[PDB]
Amino acid sequence: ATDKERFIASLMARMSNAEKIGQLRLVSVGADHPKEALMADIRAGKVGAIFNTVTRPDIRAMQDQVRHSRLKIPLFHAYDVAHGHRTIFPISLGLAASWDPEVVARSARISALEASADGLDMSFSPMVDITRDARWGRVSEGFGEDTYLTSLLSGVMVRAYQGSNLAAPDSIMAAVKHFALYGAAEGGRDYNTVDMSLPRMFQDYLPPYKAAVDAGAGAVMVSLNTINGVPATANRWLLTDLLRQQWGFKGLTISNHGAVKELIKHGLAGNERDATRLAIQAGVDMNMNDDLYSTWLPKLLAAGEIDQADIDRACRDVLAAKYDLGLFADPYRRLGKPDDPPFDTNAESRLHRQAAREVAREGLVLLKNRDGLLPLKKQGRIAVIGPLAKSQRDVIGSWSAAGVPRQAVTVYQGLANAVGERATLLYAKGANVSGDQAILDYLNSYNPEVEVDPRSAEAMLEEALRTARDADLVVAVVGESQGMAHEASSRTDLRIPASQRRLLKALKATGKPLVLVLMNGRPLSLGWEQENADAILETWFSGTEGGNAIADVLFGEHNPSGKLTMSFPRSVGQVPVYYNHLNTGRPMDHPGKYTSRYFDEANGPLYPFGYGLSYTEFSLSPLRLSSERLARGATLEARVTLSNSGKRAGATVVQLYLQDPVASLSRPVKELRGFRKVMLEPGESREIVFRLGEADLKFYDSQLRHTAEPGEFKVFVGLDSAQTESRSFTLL
Amino acid sequence: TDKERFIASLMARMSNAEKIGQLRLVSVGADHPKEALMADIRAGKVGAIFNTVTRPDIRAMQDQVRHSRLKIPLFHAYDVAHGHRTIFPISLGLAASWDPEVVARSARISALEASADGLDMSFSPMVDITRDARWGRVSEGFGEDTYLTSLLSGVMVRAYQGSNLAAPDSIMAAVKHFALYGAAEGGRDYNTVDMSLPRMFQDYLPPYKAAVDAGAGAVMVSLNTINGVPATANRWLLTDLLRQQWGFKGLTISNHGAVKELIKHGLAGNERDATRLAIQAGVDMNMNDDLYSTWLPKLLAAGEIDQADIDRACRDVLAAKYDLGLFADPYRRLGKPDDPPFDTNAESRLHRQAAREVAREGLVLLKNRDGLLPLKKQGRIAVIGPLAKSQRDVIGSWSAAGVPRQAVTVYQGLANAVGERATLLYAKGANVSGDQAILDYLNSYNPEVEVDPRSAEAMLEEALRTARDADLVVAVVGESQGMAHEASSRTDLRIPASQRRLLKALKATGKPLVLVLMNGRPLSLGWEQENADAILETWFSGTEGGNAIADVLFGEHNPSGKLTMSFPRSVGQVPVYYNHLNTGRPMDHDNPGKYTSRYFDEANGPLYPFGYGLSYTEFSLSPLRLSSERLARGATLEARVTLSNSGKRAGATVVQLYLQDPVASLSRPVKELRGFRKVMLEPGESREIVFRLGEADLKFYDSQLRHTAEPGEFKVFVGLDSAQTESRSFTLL
Ligand SMILES: OC[C@H]1O[C@@H](O[C@H]2[C@H](O)[C@@H](O)[C@H](O)O[C@@H]2CO)[C@H](O)[C@@H](O)[C@@H]1O
Ligand SMILES: OC[C@H]1O[C@@H](O[C@H]2[C@H](O)[C@@H](O)[C@H](O)O[C@@H]2CO)[C@H](O)[C@@H](O)[C@@H]1O
Ligand SMILES: [Mg+2]
Ligand SMILES: [Mg+2]
């Protein structure tokens, strides 16, 4: 037995059931748990962990209370450090668009450095749910629609948070979320029903969670949705059979917020006692906020409705997490010394602006650039118009953790910084983020999140048209506010808000060159924009340095290299659209009536998976395979030469897709199986070599057999999912 | 069994070429020119025909059989979906009757007319559950509810097949599309279907089982994948489930070109392997692509299939023909060789009274401000819109042998009703679409949409002049039938933009505005519900549609139709359906917070819920009473309520019973329909309604597909729609 198992067995042999049950309780200071009452419960050994306490003096005060409990078992402290702690990086969907594991790893490592510097031990991150439904407000928190890329980045984020040793003072534990399938909510409505086949679940939706487990994630946060009728919180197949027995996870499972009590609303339980029994016997170790475990576990055990082994499993997992975090060696390892001077948590000197700026550059996606309008010269008169141009609150995104809006660089400020006095900027708000007062009241319902200009729409439009007439070109900064792409904010319309589209149509009618800088947390419907704007830059929500990174691209300090990781539908009525779909019996070419299509809109996404432009031109040589036949246990090489055939240095992403065109299940028309992000000076050439073996060729059949079948495979290489060249080989 | 001995004696005579010929189902067309097809019938190489539909044409094919060695008769099939020559409303409108006897009458008359023309079989009923309004084939089903669709599935089969499948006024039902076709992802026709086995078993499979249990002679296999496996190659679906579990003894028929489509699905790399997959999965009869005739001999000689695969398939064809009476008399539906010739389309061979009476029952009153409807037969009525004079649209999609020139338009029904007592003024107003690419689609293959060559603005000014000269406006608007048909999936559920511009302009005249909606799917009607004075959903109401619509508008019939599919506020809410799960964070009138399962940019819930529809009278329900608070296994419970007509006009409504199982081993729906009663009442009349419930109503498939009723609370809800109910509880012991 390891030091950890010996230590835990010796501690648990000493504990009462009250102490073991106390370890399972995860709470936050708030209405339900006032601070002084919570401190008294920590002193009594009734608390296992805290979330949403995020400064060193507040965390140290809580850890000080444990010295009063009989066994002095330390707390751990968690937070939602999703894409940054104090220095906010782009939202995950924009990080994914970097196609660069090292950039994504740097965002996670800095997030862990900052969170651990504030005394935190754990982040409820990474979010690795696959998203094919643009309506869902939580698409901003994932890495897009692709199983290969999301799985790769899931393991990258875990390793970057946890480091070489979970006891390092600058490591935090990753609690991968949301296990499982949360992003397949029916209708894109948050928390809604998820219903899907086991082959789809295993092939497409579960691999990112398994990648996090295999990267050593210490914790798993359980989702709020049903899976095929069974809430994840009560799902013994998911949490025990799959996560523990099949995948071998040895860490901690954490319920979502009030999730145990929500089993009553889901109709699995008629009271809190039965909800508690279902959750702990399914495999939920730690109970977030609703305190059902502390209220009901003793009565359940005395009635023989649960086993002692249910409590022991759950407690062992909490203690094992604390052991790996170093907290039994030193409960203050992330909290410095008792004789440390006080400091300003929010000091500018504790931020990481260089890293945020460098990361944010990599995720920006050039969607359109007519006749080389971009990059802009630093000269002339530039009108900067729209409700997002001066928005600090929106550039940091949803789930901005301890980010301070006043510390963020707006798009306006970024342009001002870039041009100094070489160009003149003219500002007009142009429109409110929405013209619908019910939507503004929603967005401002808890906090003041959206500045509502008191002027009429007409007055703002006249001011913006005067500003555009006084300029050489217009940079319109438009899209969503961050509260439009957040938990529970599902959208029925994927367009830019109507108030802003009215502004864009008015700006277009001036005849001035029109550059759109889009801020948004989900794919948008951009048909009018693709037809009418001169250039389009997707910037997602780019974080604390967003405005500087966006100016870096617009003025060509950085040659855009971002590529989409989620298909952009032409309208909400096409949902879902995603690149790794099945052919059907009647596929549409581009073209007949009797094919799988809509009749009232053009078909396919407006922008496909892997799409994104450059200020330079790239060429690919013909694809070459090392052989036409592949033996089992051997490796196939796919080679292409990439050249920079243009006039500016830049990067692109060479993507490899596979198709299995004859199989015992209908397989996708293509599936991403590799990529290379390659930065080239003008006239440079690189031989790209992909390696494929049997593991790349397997799939789950109807009975969940996971093998590769002999026969043809098609290999596609290109700079997006739509513009590829292909060669075939045969697996023997 | 005389039948199994007759069939075994015949099959003992047949070569494999003869047995394989029985499996071939073809139509006259480019791929099968008439003279080549006739030569193949004489050679024993054809088992059945589809799309040949008149007595002289069918007799001519059956006459060719006399030249083959064994003289095995053909059967003849057609798509008699909602009528043969007399067209009833589309199925989604028949469902809105909530009256199994109305649905049975439409099917009986369809079978009478089709068998009168020599047909033996219809590819009907379509019983696919539909929760996605974008799909163009929702017009062909009975809406979103498993209980109602399952009930109507069995009614349709019994009505087609009668007491005896050999009767000359019977046809065989080929229930379709097995299975799950209406769950196409994105609402895109033919697209991927992916769902859990508990959802499949509880909600989507029961209508097909109801058809099998009602004695359907045939099952038509679907075009989609189910969890990755095309239905056409799905041995689990076609053999394990349909034959071994459900005990189906009849004929399986591939869809059109479906065996060859296994190559596009990526299950086969060539036609030989596609053929092997389909016959071994359990597809008996091969529609149109001739892969069975081309490849089965080679497959069998290579040992890639078994003789038993050919024998199973041939036996099922011969057994269908036996049941249809065709071995006793191949001409039993074709009269005598010297019957005089007749006009297939004669007016005396129609059933207009039945079509008019059935079409009245499906019409749904959605809005009626301050008693505008019913109208008086007087004054000046402007009849405006591209569907007002459309014969082609009123008969719907899948209109079989219906003749548009025999149909009654909405304009003609109003003209019939008012005679000389009122003045009608007509203006087209708008084309069905202002988008030339959409008109190009709707006129592709066949010119089905009349395009007025004037500008949109000229058509609008003419309609405004007409409206200004009238006392009120009847706007006849919505979809053309080609917008809600196979492959016509929509991304927008609104009335078309050209017509919404027309409605906004008409509203601005101040004239009372009555909307008569034609459509084959739920529509997004938020502006209409706010601005029209009255709204009548007429679906596509068939050959007598215009007369049934006038009957309602002038109050000869009190509208009694109720929705069987939820109407979303917009396409971005799809899917919306009444029997959804609660979730952990429900949004409803009792749960109105930010952190719930909702959209933020639109009102939540459907605009019109399942079971919604208004009347020209008012109804009252007494309090719901249960016969006991406890139910023992093996016993039945009664739920009683009294329905009263508390208004001034006779009319019907539909009392609906829903069940909830609020604590279960799976999350169960907030409500599930478990009974209904359509009741016609005079003013001041009352009817005591007694619903019976037992354990069978309470069971569900759990995660292991155990069919279980668990002890505990059940809530019983009664009301006149799914949103306006009250509940009482009982406990199952
Ligand atoms: O709902 C707002 C509320 O959510 C709380 O739970 C979060 C949980 O912390 C997070 O990791 C997960 O991704 O989402 C759930 C909500 O679905 C959160 O702790 C609160 O701070 C927040 O106010
Ligand atoms: O695609 C139009 C074409 O469909 C043919 O097959 C029909 C089949 O007859 C019907 O029962 C089923 O519901 O739909 C398939 C098409 O999906 C039909 O036989 C042809 O008449 C028709 O032109
Ligand atoms: Mg293969
Ligand atoms: Mg129950």
Side-chain angles (χ1 to χ4, degrees), chain A residues 135 186-187 189-193 195-197 199-200 224 226 228-231 237 259 262 265-270 439 442 445-446 487-493 571-577 581-587 593-601 661-663 665-667 702 712, chain B residues 134 185-186 188-192 194-196 198-199 223 225 227-230 258 261 264-269 438 441 444-445 486-492 570-576 580-586 594-602 662-664 666-668 703 712-713:
Chain A
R135 297 174 286 186
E186 205 163 81
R189 293 183 288 272
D190 207 351
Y191 320 120
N192 202 21
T193 305
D195 186 272
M196 72 176 61
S197 78
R200 174 173 282 188
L224 288 166
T226 58
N228 300 351
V230 182
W237 170 74
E262 289 181 19
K265 292 221 197 159
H266 281 286
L268 265 278
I439 292 177
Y442 172 84
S445 65
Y446 285 68
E487 182 185 359
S489 307
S490 301
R491 279 193 82 199
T492 63
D493 181 350
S571 69
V572 72
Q574 301 218 11
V575 165
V577 282
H581 61 257
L582 303 190
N583 204 37
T584 83
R586 291 183 186 193
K593 167 175 266 181
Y594 293 96
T595 62
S596 189
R597 67 181 298 255
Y598 305 104
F599 76 88
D600 64 349
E601 192 161 58
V662 179
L665 265 207
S666 185
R667 304 276 292 128
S702 299
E712 180 183 14
Chain B
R134 294 174 287 184
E185 191 168 85
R188 294 182 291 271
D189 206 357
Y190 317 125
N191 202 20
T192 303
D194 185 274
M195 70 174 61
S196 71
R199 175 174 283 194
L223 289 168
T225 56
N227 297 355
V229 181
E261 289 178 22
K264 299 285 195 74
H265 281 290
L267 265 285
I438 294 177
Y441 177 83
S444 80
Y445 288 104
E486 177 181 3
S488 310
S489 300
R490 279 189 84 198
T491 63
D492 177 359
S570 73
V571 72
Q573 303 217 9
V574 166
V576 282
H580 62 260
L581 303 190
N582 204 36
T583 82
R585 295 180 182 199
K594 172 175 173 166
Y595 291 97
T596 61
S597 191
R598 66 184 297 264
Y599 304 104
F600 75 86
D601 64 347
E602 196 162 55
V663 177
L666 277 202
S667 184
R668 296 207 50 212
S703 294
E713 186 182 8

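Per chain, numbering begins at 1; letters A, B, ... match sequence-line order. These values consider heavy atoms only, across backbone and side chains, with no hydrogens, waters or symmetry-generated copies.
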Colleague: Please evaluate residues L665(A) and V229(B) with respect to the criterion side-chain contact (heavy atoms from CB on, under 4.5 Å), reporting the C-alpha separation (whole Å), side-chain torsions for both, the decisive distance (0.1 Å), and the verdict.
Modeller: CA-CA 5 Å; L665(A) 265 207; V229(B) 181; 3.3 Å; yes
Colleague: Can you give me the closest heavy-atom contact between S597(B) and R189(A), atom names plus distance?
Modeller: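 Reported closest heavy-atom pair: OG-CB, 3.6 Å.
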Colleague: Does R135(A) have any salt bridge (charged side-chain N to carboxylate O under 4.0 Å, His left out) partners at least two apart in sequence or in another chain, and if so, which?
Modeller: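 Salt bridge (charged side-chain N to carboxylate O under 4.0 Å, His left out) check on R135(A) returns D133(A).
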Colleague: For the backbone of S196(B) and the side chain of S197(A), can you confirm whether one donor and one acceptor N or O come within less than 3.5 Å of each other?
Modeller: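 No: the side chain of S197(A) does not pair with the backbone of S196(B).
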Colleague: At a 4.5 Å cut-off on heavy atoms, which part of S703(B) comes close to chain A: side chain, backbone, both, or neither?
Modeller: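 The side chain, not the backbone.
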Colleague: For chain B, find which of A269(A), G585(A), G229(A) contributes the most heavy-atom pairs closer than 4.5 angstrom.
Modeller: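 Greatest number of close heavy-atom pairs with chain B: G585(A).
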Colleague: Would you say that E186(A) contacts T583(B) through its side chain, given a criterion of any heavy-atom pair below 4.5 Å between the two side chains?
Modeller: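 Side chain of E186(A) against side chain of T583(B), heavy atoms only: no contact under 4.5 Å found.
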Colleague: Taking all non-hydrogen atoms of both residues, which atom of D601(B) and which atom of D493(A) are closest, and how far apart?
Modeller: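 So the two residues come closest at OD2-N, 3.4 Å.
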Colleague: Looking at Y441(B), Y190(B), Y445(B), which one forms a ring-ring contact (aromatic ring centres under 6.0 Å, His included) with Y594(A)?
Modeller: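 Only one of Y441(B), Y190(B), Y445(B) forms a ring-ring contact (aromatic ring centres under 6.0 Å, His included) with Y594(A), namely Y445(B).
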Colleague: Check each atom of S488(B) against the heavy atoms of chain A and say whether the ones under 4.5 Å are side chain, backbone, both or neither.
Modeller: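 For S488(B), the contact with chain A is made by backbone and side chain together.
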Colleague: State whether the side chain of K594(B) and the backbone N or O of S445(A) hold a donor-acceptor pair below 3.5 Å, judged by distance alone.
Modeller: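 No, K594(B) side chain to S445(A) backbone: no donor-acceptor pair under 3.5 Å.
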Colleague: For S667(B) and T226(A), work out which heavy atoms get closest and say how close.
Modeller: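 Smallest heavy-atom distance, with atoms named: CB-CG2, 4.0 Å.
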Colleague: Considering only heavy atoms and a distance below 4.5 Å, find which of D190(A), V577(A), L268(A) pairs most often with chain B.
Modeller: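 Among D190(A), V577(A), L268(A), the one with the most close pairs to chain B is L268(A).
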Colleague: Between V571(B), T192(B), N227(B), who has the most heavy-atom pairs with chain A when the cutoff is under 4.5 Å?
Modeller: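 The option with the most such pairs is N227(B).
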Colleague: Specify which of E712(A), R667(A), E601(A) makes the most heavy-atom pairs with chain B at under 4.5 Å.
Modeller: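 Winner by heavy-atom pair count: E601(A).
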Colleague: For chain A, which candidate among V574(B), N191(B), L223(B), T491(B) shows the most heavy-atom pairs at distances under 4.5 Å?
Modeller: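 Most heavy-atom pairs under 4.5 Å with chain A: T491(B).
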Colleague: What do the steps show when you test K265(A) against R585(B) for side-chain contact (heavy atoms from CB on, under 4.5 Å), and what is the final call?
Modeller: CA-CA 7 Å; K265(A) 292 221 197 159; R585(B) 295 180 182 199; over 6 Å; no
Colleague: Please flag which part of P576(A) lies under 4.5 Å from any non-hydrogen atom of chain B: side chain, backbone, both or neither.
Modeller: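 Contact with chain B involves both backbone and side-chain atoms of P576(A).
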